[PDB]
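This document opens with one chain alone, in structure tokens, the form deposited in one PDB entry.
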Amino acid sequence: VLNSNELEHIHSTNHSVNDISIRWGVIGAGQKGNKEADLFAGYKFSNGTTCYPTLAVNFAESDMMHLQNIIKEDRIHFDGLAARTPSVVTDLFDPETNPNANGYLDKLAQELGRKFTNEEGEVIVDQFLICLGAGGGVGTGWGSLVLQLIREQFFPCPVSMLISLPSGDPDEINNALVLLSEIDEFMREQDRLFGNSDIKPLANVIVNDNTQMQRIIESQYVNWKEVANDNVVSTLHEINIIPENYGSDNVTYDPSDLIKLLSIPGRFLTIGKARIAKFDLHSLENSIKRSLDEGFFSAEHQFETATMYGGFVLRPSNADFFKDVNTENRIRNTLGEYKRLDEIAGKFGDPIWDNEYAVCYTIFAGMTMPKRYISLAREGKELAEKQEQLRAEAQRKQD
């Protein structure tokens, strides 16, 4: 499956795509998470093997049945009863409600053995990628449970969470808020318990905002969710392929650099994918600026709080514009406007590939809570009043 023309152009070109920088183990909870997970499950190497071991987790037999790359065996469901909400979902893994918790919890763990470990016993995975759509019951709940679980040291290795922020429904935007709050707290506890050099149990959290993503999609059938998913998932896959499979005459972003970036900072992380086809300094600047501020991973991030950077421009073989001093400190200065590269750890490469255009990936890690959190807090309470008041204005009229 090839859900971006970058992936198309590097599978027709390159038939040595036999490894990736980080061996993710993907788990998708809730409907959104399931769908993203289903995309990951589809990706294969040039030889035909699957790239990522993937599980789908949900409430119901029902929820999971139109998946395409996830075998039925790997569709894990947990009978519920009752209200579908983040809090009563968490509490099915807590004998504080279910006598079935110590079984339920020792079921998940034996589907963790089966899918991400060998016959031998050893784990076949560097970190877990947990996909969620904040707002729903099942997804948001799983989010909280995961925080709780990684404090039980339930997982063999670190956990990266790919979380999506809800569009506009006061119940959803409140659910989303309590999760994002739980995350901010956990990240602050993690900062006091682990060194700046140590591997963090919560590797990072990557957010997308559903409002920002729709805005974009209606500019460039038309299911917007299906398209949003293709973009975020294909982007993460791309940045995982590239360091393992291409290098540079000037500066290579290797897989170790990417692993450090995703492993150590342990807070909020963002990505900017910018296509480039004008080979000049202005169109370069805008593309980068646009991908960072008005792209799929933009949620009014606090770039000044970034503790690490990474990135690379995949460029054509002839292209000696991207080596150049202007070009280099132009990028250095363009990215410099967000966080001054001189003040934070990182590296920025320029790999070669068999194509005649260039794509520029930018990653900032270690950031603090994104400002979308505040504007959501605002926008949820704003539409909350609107609807309570509507309610009353309808009841008034009747009476």
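The first residue of the shown sequence is 1; numbering continues from there. Each form is matched to the other, and the largest set of C-alpha atoms that superpose within 1.5 Å is called the rigid core.
Count the deposited residues lacking coordinates between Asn318 and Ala319 and you get none at all. Counting the unmodelled positions of the deposited sequence between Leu81 and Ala82 gives a small gap of 1 to 3 residues. Once the C-alpha B-factors are averaged per stretch, 62-70 and 355-363 rank with 62-70 first. Taking only CA atoms, the mean B-factor in the PDB entry is higher for 89-97 than for the other of 264-272 and 89-97.
Note on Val325, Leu236, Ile206, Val222: the highest value goes to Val325, judged by CA B factor as recorded.
In this structure the maximum Cα B-factor among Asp106, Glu226, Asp126, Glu300 is found at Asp106.
Sorting the modelled residues of the chain by their CA temperature factor places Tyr246 in the lowest third. For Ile217, the recorded CA temperature factor ranks within the highest third of the chain's modelled residues. For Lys35, the recorded CA B-factor ranks within the lowest third of the chain. Only modelled residues enter the ranking.
Per the deposited record, the Cα B-factor of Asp230 falls in the lowest third when ranked against the other modelled residues of its chain. For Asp254, the recorded CA B-factor ranks within the lowest third of the chain. Only modelled residues enter the ranking.
Beyond what is shown, the protein has a form deposited in another entry; the following relates to that form.
In a core superposition between this form and the one not shown, the Cα of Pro95 is the only one among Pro95, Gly113, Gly195, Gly168 shifting by 2 Å or more. Relative to the superposed core, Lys381 shifts its CA atom by 2 Å or more between this form and the one not shown. Core-superposed comparison between this form and the one not shown: the CA of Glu343 stays below a 2 Å shift.
A movement of the C-alpha atom of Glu61 reaching 2 angstroms or beyond is seen between this form and the one not shown when the two forms are aligned on their rigid core.
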